[PDB]
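Mind having a look at this structure? Questions to follow.
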Amino acid sequence: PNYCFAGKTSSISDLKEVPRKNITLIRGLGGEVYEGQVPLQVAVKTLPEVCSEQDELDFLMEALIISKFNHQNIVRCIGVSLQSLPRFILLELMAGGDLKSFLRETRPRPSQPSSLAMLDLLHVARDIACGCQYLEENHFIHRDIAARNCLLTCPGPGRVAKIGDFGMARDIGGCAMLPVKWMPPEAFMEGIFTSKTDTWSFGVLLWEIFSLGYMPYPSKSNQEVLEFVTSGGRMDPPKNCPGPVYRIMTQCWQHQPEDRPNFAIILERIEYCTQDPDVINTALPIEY
Ligand SMILES: C[C@H]1Oc2cc(cnc2N)-c2c(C3CC3)nn(C)c2CN(C)C(=O)c2ccc(F)cc21
């Protein structure tokens, strides 16, 4: 199978095959994902040896997708190991892990009262919006911009957030498998996807970030979300969320895709929130 990006067509022959003998698995991280070494530290995405032909093409497509991107806020691909079984996709090891687990585990707590501040959250949001802007200007529609699909370079203050998973854009599973909680009305009703699909999803990711890793639409099922969103329903601000941050979310959630901001506008608004002392001086809630 072939793949086209930035006006250039590529094939499996363009993937950087890393000799299997050079790869060593260290631990399971959560097909399985392992921490590995090539010394270069890597996250090893594996293809189960017992899989369908569609699973193989999906895996090969994902390798092509990630290898052709070149941006600071998109996970790097070191190479692949497709000439040995199980097949491997070699990614940049992101020591901070996924954004969802990070937010949940690093929540300000009585023991860690200042573990995260509004500025840490704004920096993550900017980093992903910068990755989204690169995808938008390269006419790539992600389809699942969500905390679970983002990674961090380290747990510390100099962390860099990156988009780490491209399984959804690759697929294009059933109804209860569509990430309807991250989807705008024209995507779940008409199956229409544009650059404005990622804007809506980004607003939901912003809610995930500022809620510190909660599941969107608390207590609502997929069908309830579908009906809620269709009827003009929107999420409330996460706890202690400054008004200017929530305003970015509600602009991302405009019913008409044309009324939703592009990522250059999102980045300008995130930048303004970081400069605003009334935003960054707001204390995050302390979980008991
Ligand atoms: C495929 C996988 O990639 C990585 C996974 C990790 C780090 N870095 C890369 N590149 C990683 C680590 C290591 C620091 C220990 N801990 N956790 C919790 C994860 C996440 N995870 C198990 C994944 O399956 C995952 C999730 C989202 C994603 F977007 C890509 C990946």
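Per Swiss-Prot, chain A residues shown: 1094-1123, 1128-1135, 1144-1277, 1286-1401, in order.
Determined via X-ray crystallography, 2.0 Å.
Cβ atoms are placed via backbone N, Cα and C, with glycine included.
According to Swiss-Prot, the record shows the following:
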- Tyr1096: phosphotyrosine (MOD_RES)
- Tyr1131: phosphotyrosine (MOD_RES)
- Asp1249: active site, proton acceptor (ACT_SITE)
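If you look at the structure here, what lies around each of the features I listed?
In three-state terms derived from DSSP, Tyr1096 (phosphotyrosine) belongs to an extended strand segment.
In this structure, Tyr1131 (phosphotyrosine) is part of a beta strand by DSSP. In sequence order, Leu1118, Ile1119, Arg1120, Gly1121, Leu1122, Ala1148, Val1149, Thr1151 are the residues of the chain that are 6 or more apart from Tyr1131 (phosphotyrosine) and have a CB within less than 8 Å of its CB.
Residues near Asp1249 (active site, proton acceptor) in space but far in sequence (CB under 8 A, at least 6 apart, same chain), listed by position: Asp1270, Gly1272, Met1273, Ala1274, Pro1292, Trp1295, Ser1314.
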Since the deposited structure skips 8 residues after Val1135 and picks up again at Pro1144, how long is the Cα gap in Å?
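Per the coordinates, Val1135 lies 6 Å from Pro1144, Cα to Cα.
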Just need one number: Cα of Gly1123 to Cα of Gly1128, in Å, whole number, across 4 unmodelled residues.
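So the endpoints of the gap, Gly1123 and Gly1128, lie 9 Å apart at their Cα atoms.
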With Cβ-Cβ distance below 8 Å and at least 6 positions apart along the chain, what are the contacts of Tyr1096 (phosphotyrosine)? List them in sequence order.
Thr1102, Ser1103, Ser1104, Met1166, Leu1169, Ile1170, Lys1173
